[PDB]
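**Q** Sending over data27.pdb (PDB, C-alpha atoms).
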```pdb
ATOM      1  CA  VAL A   1      19.746  38.282 -14.422
ATOM      2  CA  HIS A   2      22.936  37.388 -12.526
ATOM      3  CA  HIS A   3      22.513  33.616 -12.211
ATOM      4  CA  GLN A   4      18.739  33.166 -12.276
ATOM      5  CA  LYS A   5      17.179  29.701 -12.477
ATOM      6  CA  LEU A   6      13.629  28.468 -13.024
ATOM      7  CA  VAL A   7      12.185  24.945 -13.018
ATOM      8  CA  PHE A   8       8.773  24.163 -14.505
ATOM      9  CA  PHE A   9       6.695  21.052 -13.772
ATOM     10  CA  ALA A  10       3.813  21.094 -16.247
ATOM     11  CA  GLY A  11       2.531  17.698 -15.102
ATOM     12  CA  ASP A  12       1.982  15.635 -11.974
ATOM     13  CA  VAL A  13       4.951  14.498  -9.893
ATOM     14  CA  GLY A  14       4.627  11.141  -8.171
ATOM     15  CA  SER A  15       1.001  10.499  -9.122
ATOM     16  CA  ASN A  16      -0.855   7.186  -9.254
ATOM     17  CA  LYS A  17      -3.698   6.585 -11.692
ATOM     18  CA  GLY A  18      -3.702   2.779 -11.841
ATOM     19  CA  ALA A  19      -3.395   0.050  -9.212
ATOM     20  CA  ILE A  20      -0.595  -0.494  -6.696
ATOM     21  CA  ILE A  21      -0.742  -3.791  -4.792
ATOM     22  CA  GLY A  22       1.928  -4.677  -2.272
ATOM     23  CA  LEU A  23       0.888  -8.296  -1.828
ATOM     24  CA  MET A  24      -1.675 -10.575  -3.454
ATOM     25  CA  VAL A  25      -2.363 -14.203  -2.513
ATOM     26  CA  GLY A  26      -5.096 -16.385  -3.971
ATOM     27  CA  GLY A  27      -5.964 -20.005  -3.409
ATOM     28  CA  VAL A  28      -8.599 -22.631  -4.081
ATOM     29  CA  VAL A  29      -7.146 -24.860  -1.327
TER      30      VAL A  29
ATOM     31  CA  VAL B   1      17.862  39.802 -10.002
ATOM     32  CA  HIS B   2      21.002  38.781  -8.090
ATOM     33  CA  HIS B   3      20.479  35.017  -7.868
ATOM     34  CA  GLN B   4      16.696  34.666  -7.991
ATOM     35  CA  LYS B   5      15.049  31.249  -8.293
ATOM     36  CA  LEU B   6      11.477  30.120  -8.913
ATOM     37  CA  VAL B   7       9.943  26.636  -9.008
ATOM     38  CA  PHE B   8       6.532  25.979 -10.557
ATOM     39  CA  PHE B   9       4.364  22.906  -9.923
ATOM     40  CA  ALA B  10       1.518  23.082 -12.432
ATOM     41  CA  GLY B  11       0.134  19.694 -11.383
ATOM     42  CA  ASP B  12      -0.508  17.574  -8.312
ATOM     43  CA  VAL B  13       2.404  16.312  -6.222
ATOM     44  CA  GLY B  14       1.971  12.925  -4.584
ATOM     45  CA  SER B  15      -1.657  12.400  -5.594
ATOM     46  CA  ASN B  16      -3.596   9.139  -5.828
ATOM     47  CA  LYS B  17      -6.422   8.670  -8.316
ATOM     48  CA  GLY B  18      -6.522   4.871  -8.555
ATOM     49  CA  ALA B  19      -6.319   2.073  -5.986
ATOM     50  CA  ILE B  20      -3.567   1.399  -3.449
ATOM     51  CA  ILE B  21      -3.823  -1.936  -1.626
ATOM     52  CA  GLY B  22      -1.210  -2.952   0.906
ATOM     53  CA  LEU B  23      -2.348  -6.551   1.250
ATOM     54  CA  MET B  24      -4.948  -8.724  -0.460
ATOM     55  CA  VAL B  25      -5.741 -12.354   0.386
ATOM     56  CA  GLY B  26      -8.509 -14.430  -1.158
ATOM     57  CA  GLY B  27      -9.476 -18.038  -0.692
ATOM     58  CA  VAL B  28     -12.170 -20.578  -1.458
ATOM     59  CA  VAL B  29     -10.810 -22.909   1.259
TER      60      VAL B  29
ATOM     61  CA  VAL C   1      15.990  41.274  -5.566
ATOM     62  CA  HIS C   2      19.077  40.124  -3.639
ATOM     63  CA  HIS C   3      18.449  36.371  -3.515
ATOM     64  CA  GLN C   4      14.661  36.124  -3.695
ATOM     65  CA  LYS C   5      12.928  32.762  -4.100
ATOM     66  CA  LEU C   6       9.335  31.745  -4.794
ATOM     67  CA  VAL C   7       7.710  28.308  -4.992
ATOM     68  CA  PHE C   8       4.304  27.779  -6.599
ATOM     69  CA  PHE C   9       2.047  24.752  -6.068
ATOM     70  CA  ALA C  10      -0.760  25.064  -8.608
ATOM     71  CA  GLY C  11      -2.249  21.691  -7.659
ATOM     72  CA  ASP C  12      -2.988  19.517  -4.649
ATOM     73  CA  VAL C  13      -0.139  18.127  -2.552
ATOM     74  CA  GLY C  14      -0.684  14.715  -1.002
ATOM     75  CA  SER C  15      -4.311  14.312  -2.072
ATOM     76  CA  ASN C  16      -6.333  11.112  -2.409
ATOM     77  CA  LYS C  17      -9.136  10.778  -4.942
ATOM     78  CA  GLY C  18      -9.334   6.990  -5.274
ATOM     79  CA  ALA C  19      -9.241   4.127  -2.772
ATOM     80  CA  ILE C  20      -6.543   3.319  -0.217
ATOM     81  CA  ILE C  21      -6.913  -0.051   1.522
ATOM     82  CA  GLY C  22      -4.361  -1.196   4.061
ATOM     83  CA  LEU C  23      -5.600  -4.771   4.305
ATOM     84  CA  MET C  24      -8.233  -6.831   2.509
ATOM     85  CA  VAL C  25      -9.134 -10.457   3.256
ATOM     86  CA  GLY C  26     -11.935 -12.420   1.628
ATOM     87  CA  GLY C  27     -13.006 -16.011   1.995
ATOM     88  CA  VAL C  28     -15.755 -18.459   1.132
ATOM     89  CA  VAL C  29     -14.494 -20.888   3.811
TER      90      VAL C  29
ATOM     91  CA  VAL D   1      14.037  42.649  -1.141
ATOM     92  CA  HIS D   2      17.061  41.376   0.809
ATOM     93  CA  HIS D   3      16.334  37.638   0.840
ATOM     94  CA  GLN D   4      12.544  37.498   0.595
ATOM     95  CA  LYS D   5      10.730  34.190   0.088
ATOM     96  CA  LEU D   6       7.124  33.286  -0.684
ATOM     97  CA  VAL D   7       5.413  29.897  -0.984
ATOM     98  CA  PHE D   8       2.020  29.495  -2.656
ATOM     99  CA  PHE D   9      -0.323  26.518  -2.227
ATOM    100  CA  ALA D  10      -3.080  26.959  -4.803
ATOM    101  CA  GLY D  11      -4.670  23.607  -3.954
ATOM    102  CA  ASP D  12      -5.515  21.388  -1.004
ATOM    103  CA  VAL D  13      -2.738  19.878   1.106
ATOM    104  CA  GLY D  14      -3.398  16.448   2.571
ATOM    105  CA  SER D  15      -7.016  16.165   1.436
ATOM    106  CA  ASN D  16      -9.116  13.028   0.996
ATOM    107  CA  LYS D  17     -11.885  12.824  -1.587
ATOM    108  CA  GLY D  18     -12.177   9.049  -2.006
ATOM    109  CA  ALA D  19     -12.199   6.133   0.432
ATOM    110  CA  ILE D  20      -9.565   5.197   3.011
ATOM    111  CA  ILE D  21     -10.051   1.801   4.669
ATOM    112  CA  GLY D  22      -7.572   0.534   7.223
ATOM    113  CA  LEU D  23      -8.907  -3.011   7.367
ATOM    114  CA  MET D  24     -11.564  -4.961   5.484
ATOM    115  CA  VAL D  25     -12.572  -8.577   6.137
ATOM    116  CA  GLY D  26     -15.397 -10.430   4.421
ATOM    117  CA  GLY D  27     -16.566 -13.998   4.692
ATOM    118  CA  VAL D  28     -19.365 -16.352   3.732
ATOM    119  CA  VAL D  29     -18.212 -18.873   6.376
TER     120      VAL D  29
ATOM    121  CA  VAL E   1      21.451  36.794 -18.842
ATOM    122  CA  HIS E   2      24.690  36.050 -16.964
ATOM    123  CA  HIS E   3      24.390  32.277 -16.548
ATOM    124  CA  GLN E   4      20.633  31.707 -16.555
ATOM    125  CA  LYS E   5      19.180  28.191 -16.649
ATOM    126  CA  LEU E   6      15.666  26.832 -17.122
ATOM    127  CA  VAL E   7      14.334  23.266 -17.009
ATOM    128  CA  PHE E   8      10.931  22.341 -18.433
ATOM    129  CA  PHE E   9       8.962  19.186 -17.597
ATOM    130  CA  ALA E  10       6.051  19.075 -20.035
ATOM    131  CA  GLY E  11       4.891  15.670 -18.790
ATOM    132  CA  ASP E  12       4.445  13.672 -15.605
ATOM    133  CA  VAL E  13       7.473  12.682 -13.532
ATOM    134  CA  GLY E  14       7.274   9.362 -11.722
ATOM    135  CA  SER E  15       3.660   8.582 -12.611
ATOM    136  CA  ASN E  16       1.907   5.209 -12.637
ATOM    137  CA  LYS E  17      -0.942   4.458 -15.023
ATOM    138  CA  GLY E  18      -0.828   0.652 -15.076
ATOM    139  CA  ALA E  19      -0.404  -1.999 -12.383
ATOM    140  CA  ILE E  20       2.441  -2.390  -9.888
ATOM    141  CA  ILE E  21       2.420  -5.639  -7.900
ATOM    142  CA  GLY E  22       5.146  -6.378  -5.392
ATOM    143  CA  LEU E  23       4.226 -10.015  -4.845
ATOM    144  CA  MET E  24       1.719 -12.414  -6.380
ATOM    145  CA  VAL E  25       1.157 -16.035  -5.340
ATOM    146  CA  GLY E  26      -1.522 -18.340  -6.709
ATOM    147  CA  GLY E  27      -2.269 -21.969  -6.044
ATOM    148  CA  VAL E  28      -4.827 -24.692  -6.617
ATOM    149  CA  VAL E  29      -3.271 -26.804  -3.826
TER     150      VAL E  29
ATOM    151  CA  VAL F   1     -22.479 -37.882  10.152
ATOM    152  CA  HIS F   2     -24.222 -37.221   6.820
ATOM    153  CA  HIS F   3     -22.319 -34.152   5.626
ATOM    154  CA  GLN F   4     -21.435 -32.383   8.873
ATOM    155  CA  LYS F   5     -19.201 -29.306   8.690
ATOM    156  CA  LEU F   6     -17.487 -27.416  11.505
ATOM    157  CA  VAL F   7     -15.373 -24.250  11.357
ATOM    158  CA  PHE F   8     -13.173 -23.156  14.258
ATOM    159  CA  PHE F   9     -11.658 -19.682  14.713
ATOM    160  CA  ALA F  10      -9.108 -19.881  17.519
ATOM    161  CA  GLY F  11      -8.138 -16.221  17.137
ATOM    162  CA  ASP F  12      -9.615 -12.795  16.492
ATOM    163  CA  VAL F  13     -11.235 -12.110  13.121
ATOM    164  CA  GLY F  14     -10.832  -8.607  11.731
ATOM    165  CA  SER F  15      -9.561  -7.077  14.972
ATOM    166  CA  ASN F  16      -7.131  -4.225  15.611
ATOM    167  CA  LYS F  17      -4.389  -4.218  18.236
ATOM    168  CA  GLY F  18      -2.106  -1.596  16.689
ATOM    169  CA  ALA F  19      -2.633   1.860  15.197
ATOM    170  CA  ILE F  20      -4.887   2.721  12.257
ATOM    171  CA  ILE F  21      -4.659   6.293  10.961
ATOM    172  CA  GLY F  22      -6.670   7.496   7.992
ATOM    173  CA  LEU F  23      -4.945  10.803   7.291
ATOM    174  CA  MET F  24      -2.028  12.686   8.823
ATOM    175  CA  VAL F  25      -0.771  16.189   8.017
ATOM    176  CA  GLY F  26       2.195  17.758   9.771
ATOM    177  CA  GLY F  27       4.044  20.964   9.088
ATOM    178  CA  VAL F  28       6.459  23.483  10.541
ATOM    179  CA  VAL F  29       5.086  26.298   8.371
TER     180      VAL F  29
ATOM    181  CA  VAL G   1     -18.194 -39.913   8.069
ATOM    182  CA  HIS G   2     -20.007 -39.372   4.753
ATOM    183  CA  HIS G   3     -18.205 -36.283   3.461
ATOM    184  CA  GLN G   4     -17.318 -34.420   6.654
ATOM    185  CA  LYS G   5     -15.168 -31.289   6.368
ATOM    186  CA  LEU G   6     -13.463 -29.294   9.113
ATOM    187  CA  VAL G   7     -11.435 -26.076   8.862
ATOM    188  CA  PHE G   8      -9.220 -24.861  11.702
ATOM    189  CA  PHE G   9      -7.790 -21.340  12.057
ATOM    190  CA  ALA G  10      -5.193 -21.411  14.824
ATOM    191  CA  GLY G  11      -4.326 -17.735  14.347
ATOM    192  CA  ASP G  12      -5.904 -14.364  13.651
ATOM    193  CA  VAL G  13      -7.593 -13.796  10.293
ATOM    194  CA  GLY G  14      -7.306 -10.316   8.822
ATOM    195  CA  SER G  15      -6.025  -8.682  12.007
ATOM    196  CA  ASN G  16      -3.662  -5.754  12.544
ATOM    197  CA  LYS G  17      -0.880  -5.616  15.123
ATOM    198  CA  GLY G  18       1.309  -2.970  13.483
ATOM    199  CA  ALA G  19       0.667   0.436  11.925
ATOM    200  CA  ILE G  20      -1.656   1.173   9.004
ATOM    201  CA  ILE G  21      -1.543   4.720   7.626
ATOM    202  CA  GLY G  22      -3.632   5.803   4.665
ATOM    203  CA  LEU G  23      -2.006   9.138   3.864
ATOM    204  CA  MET G  24       0.884  11.131   5.308
ATOM    205  CA  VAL G  25       2.034  14.646   4.405
ATOM    206  CA  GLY G  26       4.985  16.331   6.076
ATOM    207  CA  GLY G  27       6.737  19.568   5.293
ATOM    208  CA  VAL G  28       9.108  22.181   6.651
ATOM    209  CA  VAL G  29       7.626  24.910   4.443
TER     210      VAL G  29
ATOM    211  CA  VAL H   1     -13.940 -41.917   6.019
ATOM    212  CA  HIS H   2     -15.809 -41.504   2.715
ATOM    213  CA  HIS H   3     -14.108 -38.399   1.327
ATOM    214  CA  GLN H   4     -13.230 -36.437   4.463
ATOM    215  CA  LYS H   5     -11.170 -33.259   4.073
ATOM    216  CA  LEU H   6      -9.484 -31.152   6.747
ATOM    217  CA  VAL H   7      -7.547 -27.889   6.391
ATOM    218  CA  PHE H   8      -5.330 -26.546   9.172
ATOM    219  CA  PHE H   9      -3.991 -22.981   9.423
ATOM    220  CA  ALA H  10      -1.358 -22.915  12.158
ATOM    221  CA  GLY H  11      -0.597 -19.231  11.580
ATOM    222  CA  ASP H  12      -2.274 -15.921  10.826
ATOM    223  CA  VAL H  13      -4.022 -15.480   7.479
ATOM    224  CA  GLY H  14      -3.846 -12.030   5.921
ATOM    225  CA  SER H  15      -2.570 -10.285   9.049
ATOM    226  CA  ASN H  16      -0.279  -7.283   9.484
ATOM    227  CA  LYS H  17       2.530  -7.009  12.021
ATOM    228  CA  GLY H  18       4.626  -4.346  10.290
ATOM    229  CA  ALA H  19       3.872  -0.996   8.659
ATOM    230  CA  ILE H  20       1.493  -0.392   5.753
ATOM    231  CA  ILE H  21       1.493   3.122   4.290
ATOM    232  CA  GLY H  22      -0.662   4.078   1.332
ATOM    233  CA  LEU H  23       0.862   7.434   0.431
ATOM    234  CA  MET H  24       3.715   9.538   1.787
ATOM    235  CA  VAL H  25       4.758  13.059   0.786
ATOM    236  CA  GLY H  26       7.684  14.862   2.376
ATOM    237  CA  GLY H  27       9.338  18.125   1.494
ATOM    238  CA  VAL H  28      11.654  20.832   2.757
ATOM    239  CA  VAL H  29      10.071  23.467   0.504
TER     240      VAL H  29
ATOM    241  CA  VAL I   1      -9.723 -43.826   3.913
ATOM    242  CA  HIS I   2     -11.643 -43.539   0.626
ATOM    243  CA  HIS I   3     -10.040 -40.426  -0.857
ATOM    244  CA  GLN I   4      -9.175 -38.367   2.220
ATOM    245  CA  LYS I   5      -7.203 -35.148   1.730
ATOM    246  CA  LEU I   6      -5.539 -32.936   4.332
ATOM    247  CA  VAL I   7      -3.692 -29.634   3.875
ATOM    248  CA  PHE I   8      -1.475 -28.169   6.595
ATOM    249  CA  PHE I   9      -0.227 -24.566   6.746
ATOM    250  CA  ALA I  10       2.438 -24.367   9.443
ATOM    251  CA  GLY I  11       3.096 -20.680   8.769
ATOM    252  CA  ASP I  12       1.323 -17.433   7.961
ATOM    253  CA  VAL I  13      -0.476 -17.117   4.627
ATOM    254  CA  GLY I  14      -0.409 -13.700   2.987
ATOM    255  CA  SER I  15       0.860 -11.851   6.057
ATOM    256  CA  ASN I  16       3.077  -8.782   6.393
ATOM    257  CA  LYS I  17       5.910  -8.374   8.885
ATOM    258  CA  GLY I  18       7.914  -5.700   7.065
ATOM    259  CA  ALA I  19       7.054  -2.411   5.367
ATOM    260  CA  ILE I  20       4.623  -1.938   2.479
ATOM    261  CA  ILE I  21       4.513   1.540   0.935
ATOM    262  CA  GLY I  22       2.298   2.371  -2.016
ATOM    263  CA  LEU I  23       3.723   5.742  -3.016
ATOM    264  CA  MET I  24       6.537   7.950  -1.746
ATOM    265  CA  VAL I  25       7.476  11.473  -2.842
ATOM    266  CA  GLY I  26      10.375  13.387  -1.332
ATOM    267  CA  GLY I  27      11.932  16.670  -2.313
ATOM    268  CA  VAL I  28      14.192  19.464  -1.143
ATOM    269  CA  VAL I  29      12.514  22.003  -3.436
TER     270      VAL I  29
ATOM    271  CA  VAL J   1      -5.185 -45.699   1.924
ATOM    272  CA  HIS J   2      -7.151 -45.558  -1.345
ATOM    273  CA  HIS J   3      -5.664 -42.435  -2.926
ATOM    274  CA  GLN J   4      -4.830 -40.272   0.088
ATOM    275  CA  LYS J   5      -2.966 -37.005  -0.508
ATOM    276  CA  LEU J   6      -1.343 -34.676   2.016
ATOM    277  CA  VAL J   7       0.392 -31.331   1.453
ATOM    278  CA  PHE J   8       2.593 -29.729   4.107
ATOM    279  CA  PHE J   9       3.728 -26.085   4.151
ATOM    280  CA  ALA J  10       6.416 -25.734   6.809
ATOM    281  CA  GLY J  11       6.948 -22.046   6.035
ATOM    282  CA  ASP J  12       5.065 -18.877   5.167
ATOM    283  CA  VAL J  13       3.219 -18.704   1.849
ATOM    284  CA  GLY J  14       3.157 -15.330   0.123
ATOM    285  CA  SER J  15       4.403 -13.363   3.129
ATOM    286  CA  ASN J  16       6.524 -10.218   3.359
ATOM    287  CA  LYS J  17       9.372  -9.659   5.805
ATOM    288  CA  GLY J  18      11.268  -6.971   3.893
ATOM    289  CA  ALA J  19      10.285  -3.755   2.124
ATOM    290  CA  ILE J  20       7.808  -3.432  -0.745
ATOM    291  CA  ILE J  21       7.570   0.000  -2.376
ATOM    292  CA  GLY J  22       5.296   0.684  -5.319
ATOM    293  CA  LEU J  23       6.602   4.073  -6.421
ATOM    294  CA  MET J  24       9.359   6.399  -5.242
ATOM    295  CA  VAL J  25      10.173   9.920  -6.439
ATOM    296  CA  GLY J  26      13.026  11.963  -5.014
ATOM    297  CA  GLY J  27      14.467  15.267  -6.095
ATOM    298  CA  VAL J  28      16.651  18.161  -5.025
ATOM    299  CA  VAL J  29      14.866  20.586  -7.360
TER     300      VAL J  29
END
```
Spit out the file's structure as structure tokens when you get a sec.
**A**
Amino acid sequence: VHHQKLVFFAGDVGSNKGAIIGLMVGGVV
Amino acid sequence: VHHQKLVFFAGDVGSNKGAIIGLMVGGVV
Amino acid sequence: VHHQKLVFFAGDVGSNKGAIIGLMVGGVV
Amino acid sequence: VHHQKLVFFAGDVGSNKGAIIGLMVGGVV
Amino acid sequence: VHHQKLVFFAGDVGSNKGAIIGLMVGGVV
Amino acid sequence: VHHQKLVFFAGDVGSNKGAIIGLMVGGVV
Amino acid sequence: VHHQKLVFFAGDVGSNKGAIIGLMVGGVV
Amino acid sequence: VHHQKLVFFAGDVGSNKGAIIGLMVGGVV
Amino acid sequence: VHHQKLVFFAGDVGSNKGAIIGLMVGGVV
Amino acid sequence: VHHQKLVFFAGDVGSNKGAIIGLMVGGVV
């Protein structure tokens, strides 16, 4: 009705369900 | 009705369900 | 009605359900 | 009615249900 | 009705379900 | 002398000198 | 002398001097 | 002398001097 | 002298001096 | 002298000085 707009997000936005590692160092030095 | 707008977020926004590690160091030194 | 707007958040916003670790160091030194 | 706006938050905002650790150090030194 | 538009997102947007590693170093030095 | 081992930590171990914040929510609702 | 081992840590081990934030939510709702 | 081993760490091991953020949500809803 | 080994780390090992962010969501909804 | 080995690391090993981001979502919904 006179320029109406709707946006539907049926799922998650920006979700994490696994692993996020910024830095990983391993050694047997 | 005269430029109406609706936004629906059916899920989580910016949710964490796993693991977030910024830094991980391991050693057997 | 004359430029009305509604926003719906059906889920959590910025929620944590897992683990968030900033720093993790392990050693057998 | 003449530029009305409503925002709905059906869930938690900024909630923690898991573990948040800032720093974690372990050793067998 | 007079230039109406709708956008549907039936799935997740920007979700992670695996592993994201920024940096990974390993050594037997 | 017959399997002698020494470990020296010249600095702090698992210490905080900055800011550690677990959760932060801000709004201008 | 007969399998002697020494380990020297001249710096901090697993220490924080910056900012560690677990979760941050901001809005101008 | 008969299998002697020494390990020297002149710097920090697994330390943070910058910013580590686990999750960040921002909006102008 | 009879299989002697030395390892020298002149710098930081697994340290952060910049920014590590696990997840970021921004919107002008 | 009888199989002597030395390893020298003049710089950082597995360190971050820039930006590491795991996930980023932005929108003008």
**Q** Given the file above and the PyMOL selection byres ((chain F and resi 25) around 12), which residues are selected, and can you give them as a ChimeraX atom specification?
**A** /C:13-15 /D:12-16 /F:21-24,26-29 /G:21-28 /H:23-26
**Q** By how many Å are atom CA of residue 9 of chain H and atom CA of residue 19 of chain G apart?
**A**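 Distance between the two atoms: 24.0 Å.
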**Q** One number please: atom CA of residue 4 of chain I to atom CA of residue 3 of chain H, in Å, one decimal.
**A**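 A separation of 5.0 Å between them.
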**Q** Could you pull the residues within 6 Å of residue 5 of chain B, counting only C-alpha atoms, minus those fewer than 3 positions along the same chain, as an MDAnalysis selection string?
**A** (chainID A and resid 4:6) or (chainID C and resid 5)
**Q** So that I can check the surroundings of residue 17 of chain B, please list as an mmCIF file with C-alpha atoms, in the coordinates of the input every protein, DNA and RNA residue that reaches within 6 Å of it, counting all atoms listed in the file and ignoring chain neighbours fewer than 6 positions away.
**A**
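Dumped everything to out.cif:
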```
data_model
loop_
_atom_site.group_PDB
_atom_site.id
_atom_site.type_symbol
_atom_site.label_atom_id
_atom_site.label_comp_id
_atom_site.auth_asym_id
_atom_site.auth_seq_id
_atom_site.Cartn_x
_atom_site.Cartn_y
_atom_site.Cartn_z
ATOM 1 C CA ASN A 16 -0.855 7.186 -9.254
ATOM 2 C CA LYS A 17 -3.698 6.585 -11.692
ATOM 3 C CA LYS C 17 -9.136 10.778 -4.942
ATOM 4 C CA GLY C 18 -9.334 6.990 -5.274
#
```
**Q** Distance atom CA of residue 10 of chain C-atom CA of residue 1 of chain B, one decimal place?
**A**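 About the pair atom CA of residue 10 of chain C and atom CA of residue 1 of chain B: they are 23.8 Å apart.
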**Q** Given 6 Å on each side, where is the centre and what are the edge lengths in Å to one decimal of the axis-aligned box enclosing the listed atoms of segment 7-25 of chain A, as lines of an AutoDock Vina configuration file?
**A**
```
center_x = 4.2
center_y = 5.4
center_z = -9.0
size_x = 27.9
size_y = 51.1
size_z = 26.4
```
